[PDB]
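Below you'll find only one chain, the form deposited in one PDB entry, shown as structure tokens.
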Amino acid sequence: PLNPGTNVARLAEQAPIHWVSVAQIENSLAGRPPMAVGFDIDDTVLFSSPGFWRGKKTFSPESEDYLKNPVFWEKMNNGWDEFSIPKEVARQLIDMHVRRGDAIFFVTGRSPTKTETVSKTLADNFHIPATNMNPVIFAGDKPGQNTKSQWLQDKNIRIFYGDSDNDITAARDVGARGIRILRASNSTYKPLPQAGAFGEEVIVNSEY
């Protein structure tokens, strides 16, 4: 309607979400020794939509073809991340996990490429000391690869942060703590997921 109107039941209404803060996560981990933790990349620690938007309009303006196009991946994984914007929620989590002496892992469904400069983009943006840093893991279901879940088990990752359903379920399938970050509403990756759909923790205000 031209003027929908509203009411205070609607204005006050809350979805039943396990919201958490970075400070609550850290509190929850008080006294637990160094452990391995992992992050999804896209919309979790980098707003990488700039590179993906430019891939779609350079390589398949009318489809999602570009995501199976090696010319795109080679560009996305080798410097288009200089236009990716780091998420503040990720700065906060990564600083806290570095303070703990945790090992930091990035596990991505992006297609693998001959070389990648994503690892260095991350370590540089987030100031991750050498001793906490690990090369990006390209996970998936192509011949020769292992799944996200396998890599979590392989690396003994106890906490996995991610914005997509499959990040949470990959963690749950191996008994890790899967924590949800909100995808930004200006991402080009749509529809936005239903954060909290599995009763998982969701980080407040983690869209930026």
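Just so we're on the same page, rigid core means the largest C-alpha set that superposes within 1.5 Å between forms. Only residues modelled in both forms are compared. Throughout, we count residues from 1 along the sequence that is shown.
Absent from the display: the form deposited with a small molecule bound. The rest refers to it.
This chain is displayed alone, yet in the bound PDB entry one of 29, 67, 174, 36 has a heavy atom within 4.5 Å of the small molecule; that residue is 67.
Using a 4.5 angstroms limit between non-hydrogen atoms, residue 19 is distant from the small molecule in the bound PDB entry. Shown alone here, residue 151 lies farther than 4.5 Å from the small molecule in the bound PDB entry, counting heavy atoms only. Though the partner is left out of this view, residue 112 does not reach within 4.5 Å of the small molecule in the bound PDB entry, counting heavy atoms only. Although the partner is absent from this view, residue 160 stays clear of the small molecule in the bound PDB entry, with no non-hydrogen atom inside 4.5 angstroms. After superposition on the rigid core, a single segment of 3 or more consecutive residues displaced by 2 Å or more at every C-alpha between the shown form and the other one is found, at 140-147.
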